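Sending over a structure as structure tokens; questions will come in a sec.
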Amino acid sequence: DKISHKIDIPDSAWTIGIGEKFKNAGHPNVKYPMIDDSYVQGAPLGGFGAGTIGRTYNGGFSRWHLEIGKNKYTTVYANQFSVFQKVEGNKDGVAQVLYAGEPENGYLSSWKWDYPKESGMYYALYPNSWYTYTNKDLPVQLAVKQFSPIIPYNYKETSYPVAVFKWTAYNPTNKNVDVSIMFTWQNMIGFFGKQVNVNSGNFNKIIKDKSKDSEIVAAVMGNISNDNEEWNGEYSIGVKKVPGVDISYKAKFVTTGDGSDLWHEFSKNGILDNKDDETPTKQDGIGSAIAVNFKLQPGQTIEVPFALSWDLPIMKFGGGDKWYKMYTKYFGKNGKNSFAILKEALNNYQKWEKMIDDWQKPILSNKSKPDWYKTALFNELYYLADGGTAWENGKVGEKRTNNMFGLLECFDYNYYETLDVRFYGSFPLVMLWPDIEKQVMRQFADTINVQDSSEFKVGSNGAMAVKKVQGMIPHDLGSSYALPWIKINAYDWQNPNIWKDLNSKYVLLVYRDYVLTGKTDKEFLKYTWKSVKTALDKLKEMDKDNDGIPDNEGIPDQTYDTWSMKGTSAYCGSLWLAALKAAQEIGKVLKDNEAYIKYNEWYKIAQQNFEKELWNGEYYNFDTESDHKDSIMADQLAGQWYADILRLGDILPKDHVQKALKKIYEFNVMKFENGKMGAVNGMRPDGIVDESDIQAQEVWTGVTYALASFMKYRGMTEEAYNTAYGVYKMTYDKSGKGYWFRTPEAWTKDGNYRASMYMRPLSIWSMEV
Ligand SMILES: *[C@H]1O[C@H](CO)[C@@H](O)[C@H](O)[C@H]1F
Ligand SMILES: [Ca+2]
């Protein structure tokens, strides 16, 4: 490997061999069908709300999130980089697709598949990833750095449906070598959203943009239809000319054929026919190819950038609504702008790289932090793009000042902005994209007094319940299968209108968002203040016995939605205490004296009774009335965790908090698989895992990372990082279960999982507060 020295891969990048088999992989541990796309994954490409494309460590474009809210795992075999090399003096050259696999059927059988094992590595530190190619039959070593411009405090380039592939080639040998790199792409119009005639009218054109000291050559793969529908738009691939390289292309090859129309050209001398052909197809799939060819002398290095863009301006949800995607603000809405997007990337990628380096550098340069922690911190952010992210720039056929946003809980439970989970998962947004975070919170503020008296069947018990109650915060802002932002509370497993955590978490999120953006945004507090007061006032009515604390009702009425709480719970009770203290502080800021006095009164009473009812001398009991009320819950002091972040001081005595955290580390971490797998949710005081429900026997990745941040704030530095390390290990390490770029909600002691590609573990960013 001589190519690594010619590029700059951070030591904290996650790494795996190209073509590596992984033997230890986990699988779903639930009764019903659950997504398991395998461990062959990679860091995604694509901006927020753009639709994303997962190119795996084996090289294939395989995890398709272009249909917003959906996960489709299938390798589109025509989409590849390929290489040709010929040593000067040799009769023939060699050609090879850079994909560690082959197609299932006879399509593209002429291409040279099965990139060999032990001949290259994949690296990832989101939003960047890299591949190196170090192959005994390829004298010139090659590397590529690929990325999308995902940039904190930037809401423009961060939205773009574009990827850059920056190639580096180096000749370590003593002979001249002719080298070609070719990018192939299928015209994927009709891949989704088209019921019939899926390729019909697809056509490819070549764009040659020549202007002093710039040449870009690109293929634009579109459809003859000028219709404005979810399925219609354009894909583009292309390359920017650099000194010493020539560009060739082929506008149209058949993807539903043996591929020899293209490959016979590339495999001969690495030079394509430059044949333009705009003839639209009928049944056959078609694609385009862009290649560069150059000669590398001994010791010579060349860099050449390719790019990929996709202009699919309209997202459609299952309930029928069509919306424009965010990036259309910058490029237009007509779906004929793929080249413009591509060109912007090819002309500005070096600037984008520096912007990404500038935001990663403060963390990467901190030598007090272990590299494994940095691996997790950056790579967990994949989910902000890969979580079915929806970011609208207008309803089709409708202008507003704001652009609504939504991140999925996950794909198995297809619910946007599950607030009980975003309490954990939204840290990267408040810390790095705070304008998005505040918009989402205003979305919730706007729903507070919505009432929908239509009824739905509750999944857990079969009872009927009202969809949305006035003054209750919704569980979610809908489903991609229905009407995001329009029909809220799509979730029906439990009735969220009786949950005891949503209203308090809402208030805590509001105040968090004020504190972590500098305590200057009074307008955000003013916007949300009525909803905050309403939320707390409604939750106070759920106190059955006048101890000043809402009563959990002996069913799962909070985020642990199969784990029953009854009476005063440590979890919901501490959240309530903290929410009251937050609301007192907002009341002071907004000069609402009567609110300050009322919430201060409620706080003092609740605090006294919480301590009396739950403090057992070692930790806080799970609750006051359940069968296993004395279980040690990993999340027992969630309200104090947030109070620390919000700078609200002690809601419970420091000594008691430290004892409880130490107990959790001693039991829920260290007595669960020797502390190598995170914090199990519930442990009996005899040191055996609580079996009252499956969720008690699960480690929740986002709960564990948040607990690690709580420990860190409280000076339990070793415990914090040891607790978090178990989650990193399970997710990323060779000894783990192969969950990279699909971190699940949960695993059990056998390491098998529930709900891959999950929102909650974004909470690792709470460790950076
Ligand atoms: C999705 O599932 C999780 C449990 O894994 C719940 O906390 C959320 O409320 C639900 F929407
Ligand atoms: Ca009560």
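Atoms within each ligand, like the ligands themselves, are counted from 1 in listed order. For the numbers below, each heavy atom of this structure counts, side chains included, while hydrogens, waters and symmetry mates do not. Counting from 1, the numbers follow the sequence of the chain as shown.
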**Item:** Heteroatom distance test (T559, ligand 1): nitrogen or oxygen, under 3.5 angstrom
**Value:**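 Indeed, backbone or side chain, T559 has an N or O that close.
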**Message:** If the cut-off is 4.0 Å to any non-hydrogen atom of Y413, which atoms of ligand 1 fall inside it?
**Reply:**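 Those qualifying, in numeric order: 1 (C), 2 (O).
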**Prompt:** Going by atom types alone, do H27 and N752 pair a side-chain donor with an acceptor below 3.5 Å?
**Reply:**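 Distance-only check fails for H27 and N752.
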**Message:** Using a 3.5 Å cut-off on N or O atoms only, is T418 in polar contact with ligand 1?
**Reply:**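 No; every N/O pair is 3.5 Å or more apart.
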**Item:** From CG (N552) to CG (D557), nearest 0.5 Å
**Value:**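 The distance works out to 4.5 Å.
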**Asked** For ligand 1, which atoms have a heavy atom of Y758 less than 4.0 angstrom away?
**Response**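 Counting atoms of ligand 1 from 1, those under 4.0 Å from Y758 are 1 (C), 2 (O), 3 (C), 5 (O).
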**Prompt:** Where the Ca ion (ligand 2) is the corner point, what angle links OD1 of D547 with OD1 of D543, to 10°?
**Reply:**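 Result: 80°, to 10°.
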**Message:** Counting the benzene-type ring for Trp, do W641 and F427 have ring centres under 6.0 Å apart?
**Reply:**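 Ring centroids of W641 and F427 are less than 6.0 Å from each other.
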**Message:** So, of the N/O/S atoms that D551 has, which is the nearest one to the Ca ion (ligand 2)?
**Reply:**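 Result: OD1.
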**Asked** Are the aromatic rings of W615 and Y620 close, with centres under 6.0 Å apart?
**Response**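 Centroid distance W615-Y620: below 6.0 Å, so yes.
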**Interfacing atoms of ligand 1 (cut-off 4.0 Å, heavy-atom, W499)** =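 Contacts of ligand 1 toward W499, numbered from 1: 9 (O).
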**Request:** Measure from the ring center of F610 to the ring center of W576 and say whether it is less than 6.0 Å.
**Result:**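 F610 vs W576: aromatic centres not under 6.0 Å.
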**Request:** Describe, in one word, how the ring planes of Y758 and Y413 are oriented to each other, choosing from parallel (under 30°), tilted (30 to 60°) and perpendicular (over 60°).
**Result:**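 Ring orientation, 0 to 90° scale: perpendicular.
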**Request:** Quick one: report the N, O or S atom of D545 that is nearest to the Ca ion (ligand 2).
**Result:**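 Restricting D545 to its N, O and S atoms, the minimum distance to the Ca ion (ligand 2) goes to OD1.
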**Message:** If we only consider heavy atoms of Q494, is any one of them less than 4.0 Å away from an atom in ligand 1?
**Reply:**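 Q494: no contact with ligand 1 (<4.0 Å).
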**Request:** Please check if the distance between the ring centroids of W563 and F622 is under 6.0 Å.
**Result:**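 Yes, the ring of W563 comes within the 6.0 Å limit of the ring of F622, centre to centre.
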**Prompt:** So, is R760 polar-close to ligand 1, with some N/O to N/O distance under 3.5 Å?
**Reply:**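 Indeed, backbone or side chain, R760 has an N or O that close.
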**Message:** Quick check against the 3.5 Å criterion: does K70 have a side-chain atom that pairs as donor or acceptor with the backbone of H65?
**Reply:**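 Answer holds: no.
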**Request:** Please find out if the Ca ion (ligand 2) and some N, O or S atom of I549 are separated by less than 3.0 Å.
**Result:**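 Yes, within the cut-off.
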**Prompt:** Short N/O distance, under 3.5 Å, between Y415 and ligand 1?
**Reply:**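 No: no nitrogen or oxygen of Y415 is under 3.5 Å from one in ligand 1.
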**Asked** What atoms of ligand 1 come closer than 4.0 angstrom to any heavy atom of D420?
**Response**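 Counting from 1, the qualifying ligand atoms are 6 (C), 7 (O), 8 (C), 9 (O).
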**Closest to atom 5 (O) of ligand 1 among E409, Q558, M759, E745 (heavy-atom distance)** =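 It is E745 whose heavy atom sits nearest to atom 5 (O) of ligand 1.
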**Asked** Around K544, counting heavy atoms of other residues, nucleotides and ligands shown, do more than 12 lie under 6.0 Å from its NZ?
**Response**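 Yes, enclosed.
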**Request:** With heavy atoms of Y491 as the reference, note each atom of ligand 1 found under 4.0 Å away.
**Result:**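 The atoms of ligand 1 under 4.0 Å from a heavy atom of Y491 are 10 (C), 11 (F).
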**No-hydrogen, no-angle side-chain donor-acceptor test under 3.5 Å, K468 and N497** =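 No.
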**Asked** Which atoms of ligand 1 have any heavy atom of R754 under 4.0 Å away?
**Response**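 Near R754, meaning under 4.0 Å from one of its heavy atoms, ligand 1 has 4 (C), 5 (O).
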